[PDB]
Amino acid sequence: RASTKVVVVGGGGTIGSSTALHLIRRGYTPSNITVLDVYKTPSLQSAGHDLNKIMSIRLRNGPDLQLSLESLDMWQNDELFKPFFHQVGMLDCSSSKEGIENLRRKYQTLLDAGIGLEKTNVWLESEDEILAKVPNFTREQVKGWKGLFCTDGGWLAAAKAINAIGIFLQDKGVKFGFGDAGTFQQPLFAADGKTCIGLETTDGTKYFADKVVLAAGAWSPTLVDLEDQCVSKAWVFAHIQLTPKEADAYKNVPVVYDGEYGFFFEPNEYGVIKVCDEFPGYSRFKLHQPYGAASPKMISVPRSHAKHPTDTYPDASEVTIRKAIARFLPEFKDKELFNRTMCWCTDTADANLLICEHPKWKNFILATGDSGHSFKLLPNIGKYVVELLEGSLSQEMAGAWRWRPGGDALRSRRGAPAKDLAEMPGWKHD
Ligand SMILES: Cc1cc2nc3c(=O)[nH]c(=O)nc-3n(C[C@H](O)[C@H](O)[C@H](O)COP(=O)(O)OP(=O)(O)OC[C@H]3O[C@@H](n4cnc5c(N)ncnc54)[C@H](O)[C@@H]3O)c2cc1C
């Protein structure tokens, strides 16, 4: 272990940072760990390079529950992560007949687990209980709304937390490569052409290691052939600027989320509110040849805002973002938006992670399939990547995260197939 060399591709993003953090915590020697990314520090294009992410408990399968609970504990109690968890609660609400049904089911599932989640997860049946948790709302704004309130949840200062890990890693002596020195191009193989011995970057720099971890997020299926198990998709956000007076009225407000509208966060320290809508995501299919594919293939390739800073998002997303504002922040309907952005994740067909050794390449570990909801696992997801690397990962977890082509990841569990950027005008200003 003190002898084992590991390269983490995508080490500037969420799963890569966590993996590098846990390699150190488990006693790997820091000079033996190499972190590679296109972008330095917290990578500009990482899905974790954000003002804020939601912290909440999700319960779809067994792993989801264990991982959620452990991660919540570390956000609350881990010295490294504590400064970046804002435990302001999260309201999940609805007013549509079908949306309240989904919410009642969410509450029952928490109940049915029977391990105490209903203590910190409270049903809000009347507008007056909603207004007590969110005073900024008015009574007429919340007419007909029902809520499930997670007193345990809140939001995570995402980019700041990733930066904190990176500072820790640098202080311990981990090696880094960025730019074309850190841009993965292909694995390197022993004489057998199937045992991985390292990787090459686009400049020809060859890194040799016992294990290679591919934590390249939405770019993972573009870099190596995942047999179309993963479809990368974009979601959207924009920012609004509050006056100091308005910003004060919103301090410590809980995260508010409605699956038919979107969600928003309390102002950051500069008075900026991030607003998101909720929808099935955007694909951007384009001819590309991932390593290991026999031919160029039509696959969803992120259109990176870091690479194309004039990009915004589609006009259809301008409509739905302004609908979220009108529902949650009706007094701000005339505020101008800025920093319109597309942010990329990669869905699997069943919305579980893809964390496994590549079927044919020994010592090449995939660690992706984040499916748009894994940033909350920053403190602990790396623990299980290292467990897999070591051969100690539980069989139920390995099974849930295994190599498993065959499903429809374009629909995934979103209830509609992502629409493509080629059919959605308004985002490109080239
Ligand atoms: C709009 C939006 C809102 C979200 N909100 C939430 C939320 O509230 N809560 C939550 O839990 N999750 C949320 N998510 C999902 C969450 O952000 C992701 O699941 C998670 O951050 C993905 O982590 P990752 O490590 O797989 O990818 P990333 O963090 O994107 O890391 C991938 C890394 O790989 C690097 N890379 C790419 N290509 C190469 C290459 N060729 N060589 C080397 N490195 C490379 C990239 O630069 C990047 O640093 C949201 C996602 C979106 C889009």
Side-chain angles (χ1 to χ4, degrees), residues 1-49 71 74 78-84 156-185 187-188 196-217 219-220 223 355 363-368 370 374-375 377-390 392:
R1 170 167 328 199
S3 166
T4 307
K5 278 159 98 210
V6 185
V7 187
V8 188
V9 179
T14 309
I15 295 174
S17 293
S18 194
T19 301
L21 169 72
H22 277 273
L23 289 160
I24 292 327
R25 281 188 181 185
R26 271 92 190 91
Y28 288 75
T29 51
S31 81
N32 276 344
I33 305 317
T34 303
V35 158
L36 295 183
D37 206 296
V38 184
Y39 295 97
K40 187 171 58 36
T41 194
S43 160
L44 211 50
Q45 69 183 356
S46 162
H49 189 282
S71 93
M74 299 176 68
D78 201 305
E79 272 324 290
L80 184 49
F81 294 101
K82 270 168 56 71
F84 308 117
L156 313 165
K160 288 178 181 177
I162 295 177
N163 185 68
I165 297 179
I167 286 165
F168 170 85
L169 294 177
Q170 188 180 56
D171 295 343
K172 301 290 276 199
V174 161
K175 305 172 86 189
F176 296 88
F178 301 122
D180 43 14
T183 299
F184 179 88
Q185 184 191 67
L188 297 177
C196 182
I197 61 170
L199 68 103
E200 190 165 343
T201 57
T202 51
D203 61 4
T205 308
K206 304 176 172 165
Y207 300 84
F208 291 101
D210 310 299
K211 303 292 196 193
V212 175
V213 172
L214 188 60
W219 294 268
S220 305
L223 298 164
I355 291 169
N363 311 310
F364 192 91
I365 287 153
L366 308 162
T368 184
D370 70 280
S374 300
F375 183 81
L377 303 185
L378 177 68
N380 63 320
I381 192 49
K383 166 195 179 166
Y384 304 96
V385 183
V386 181
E387 275 184 23
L388 173 94
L389 190 150
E390 286 176 16
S392 95

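Note: hydrogens, waters and symmetry copies are ignored here, and every other heavy atom, side chains too, is used. Quick note: residue numbers are just sequence positions, from 1.
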*Would you please test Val6 and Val213 for side chain to side chain contact (heavy atoms under 4.5 Å, CB included) and show each step?*
CA-CA 7 Å; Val6 185; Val213 172; 4.1 Å; yes

_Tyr39 and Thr41: CA distance, side-chain angles, deciding distance, side chain to side chain contact (heavy atoms under 4.5 Å, CB included) verdict_ = CA-CA 7 Å; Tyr39 295 97; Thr41 194; over 6 Å; no

*When you look at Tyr28 and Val386, which way does the side chain to side chain contact (heavy atoms under 4.5 Å, CB included) test go after all the steps?*
CA-CA 10 Å; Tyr28 288 75; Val386 181; 3.9 Å; yes

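The backbone N or O of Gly27 sits nowhere less than 3.5 Å from a side-chain atom of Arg1 that would complete a donor-acceptor pair. Side-chain atoms of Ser18 do not come within 3.5 Å of backbone N or O of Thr14 as any donor-acceptor pair. Not a single donor-acceptor pair under 3.5 Å links the side chain of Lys206 to the backbone N or O of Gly198. The backbone N or O of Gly13 sits nowhere less than 3.5 Å from a side-chain atom of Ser43 that would complete a donor-acceptor pair. In this structure, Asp210 contributes its side chain and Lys5 its backbone to a donor-acceptor pair below 3.5 Å. Of the possible donor and acceptor atoms, none in the side chain of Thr19 sits under 3.5 Å from a partner among the backbone N and O of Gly382. In this structure, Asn32 contributes its side chain and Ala2 its backbone to a donor-acceptor pair below 3.5 Å. With hydrogens and angles ignored, the 3.5 Å screen pairs no side-chain donor or acceptor of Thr29 with any backbone N or O of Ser31.
Across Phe81 and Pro379, no two heavy atoms sit closer than the pair CZ-CA, 3.6 Å. What you find for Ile24 and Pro30 is that their closest heavy atoms are CD1-CA, 3.8 Å. Listed here is the closest heavy atom pair of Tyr207 and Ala181: OH-O, 2.6 Å. Across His49 and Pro42, no two heavy atoms sit closer than the pair CD2-O, 3.2 Å. In this structure, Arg25 and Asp78 approach most closely via the heavy-atom pair NH1-OD2, 2.9 Å. Between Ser220 and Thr368 the shortest heavy-atom distance is OG-OG1, 3.4 Å.
None of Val212, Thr183, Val8, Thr201 except one satisfies the side chain to side chain contact (heavy atoms under 4.5 Å, CB included) rule with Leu36; the exception is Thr201.
A 4.5 Å side-chain heavy-atom check between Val174 and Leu23 finds every atom pair outside the cut-off. Here the side chains of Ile355 and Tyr384 are not in contact, with every heavy-atom distance at 4.5 Å or above.
Between the CD1 atom of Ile365 and the CG atom of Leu389 there is a distance of 4.0 Å, given to the nearest 0.5 Å. Rounding to the nearest 0.5 angstrom, the gap separating the CG atom in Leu366 from the CG atom in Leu388 is 9.5 Å. Atom CG of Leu80 and atom CG of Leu21 lie 6.0 Å apart (nearest 0.5 Å). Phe176 contributes atom CZ, which lies 5.0 Å from atom CG of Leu169 (distance to the nearest 0.5 angstrom).
Screening residues 165-177 for side-chain hydrogen bond (donor to acceptor under 3.5 Å, both in side chains) gives no qualifying pairs among residues at least two apart or on separate chains.
Residues that satisfy the salt bridge (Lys or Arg N to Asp or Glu O under 4.0 Å) test with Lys160, not counting sequence neighbours, are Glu269. Contacts of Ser17 classified as side-chain contact (heavy atoms from CB on, under 4.5 Å), with partners at least two apart in sequence or in another chain: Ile162, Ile165, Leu378.
With no hydrogens or angles considered, a side-chain donor-acceptor pair links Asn363 and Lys211 at under 3.5 Å.
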